[PDB]
């Protein structure tokens, strides 16, 4: 008669609900559940695509049927995959899972600008932040000045994610914050694949180790002598030389 399906993504998120006649995740009581197995976007989905998800908490799962408590408020989300020229339908609507785990402040790395910090203590392998952005080609990134590529992150062999000016200011764009994490060759985080209900296929920032509250989150940007683009910044030259001096 009735059938509830739990789909687990490799990144730890999941989709749960009763499948329709065609075995599709289509209905008004479908939920995406974030990797903490607690934070959920609950509501209207069509074939697994979020049409109207409301912020909710997964309280329990008695005999496979999940119980969701809607969060007080009007926080509503929808599938909203970026394009080459549009980063988001609501650039100032933050992600609720990210908002519990990270914040932006002045970096502790000299002259690095702003950085990304842990709000709370978390264990290893914890998804902390999402790296959404516009979707451009490797050709575009490779064919321009590398000074324009400080917020680029390759998604796959076809697509590079970017957060271009003016979206590099949190007052202009705070829907995701992964671009605010600075580089280190002793990083405490990595970039990892992520299938997001709002952003679609993107990258996330995942901890490599346990992190304390208010620790700066860092990721290795790469190990090449120079970043993609035309005509490396010296801060990276200095850190790369120090990295290579250890071996």
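Residue numbers count along the first chain shown, from 1. Between two forms, the rigid core is defined as the largest C-alpha subset superposing within 1.5 Å.
**Student:** Which of the two stretches, 118-126 versus 138-146, has its Cα atoms farther on average from this form in 6 other deposited structures of this protein when everything is superposed by the rigid core?
**Tutor:** Checking 118-126 against 138-146 in 6 other deposited structures of this protein, I find the farther stretch is 138-146.
**Student:** After fitting on the rigid core, pick out whichever of 59-67 or 195-203 shows the bigger RMS C-alpha deviation in 6 other deposited structures of this protein.
**Tutor:** Most displaced of the pair in 6 other deposited structures of this protein: 59-67.
**Student:** With neighbours modelled on both sides, does residue 13 go without coordinates in a third or more of the other PDB entries compared?
**Tutor:** In none of the comparable entries (those modelling both sides of it) is residue 13 left without coordinates.
**Student:** What about residue 224, left without coordinates in a third or more of the other entries of this protein that model its neighbours?
**Tutor:** Missing in at least a third of the others, so yes.
**Student:** Can you count the deposited residues that have no coordinates between residue 231 and residue 232 and report it as none, 1 to 3, 4 to 9, or 10 or more?
**Tutor:** In the deposited sequence, 1 to 3 residues between these two have no coordinates.
**Student:** State which stretch shows the higher mean Cα B factor in the entry: 219-227 or 9-17.
**Tutor:** According to the PDB entry, the answer is 219-227.
**Student:** So which stretch wins on mean C-alpha B-factor, 138-146 or 87-95?
**Tutor:** It is 138-146.
**Student:** When the deposited Cα B-factors of this chain's modelled residues are ordered and cut into thirds, is residue 114 in the lowest, the middle or the highest one?
**Tutor:** For residue 114, the deposited C-alpha B-factor lands in the lowest third.
**Student:** Taking only the Cα B-factors deposited for this chain, tell me whether residue 199 sits in the lowest, middle or highest third.
**Tutor:** According to the entry, residue 199 has a C-alpha B-factor in the chain's lowest third.
**Student:** Rank-wise, by C-alpha B-factor, drop residue 158 into the lowest, middle or highest third of its chain.
**Tutor:** As the PDB entry reports it, the C-alpha B-factor of residue 158 lands in the highest third of its chain.
**Student:** Compare the C-alpha B factor of residue 64 with those of the other modelled residues in its chain, then answer lowest, middle or highest third.
**Tutor:** It falls in the top third of the chain.
**Student:** How does residue 168 rank on Cα B-factor within its chain, lowest, middle or highest third?
**Tutor:** Middle third - that is where residue 168 ends up once the chain's C-alpha B-factors are sorted.
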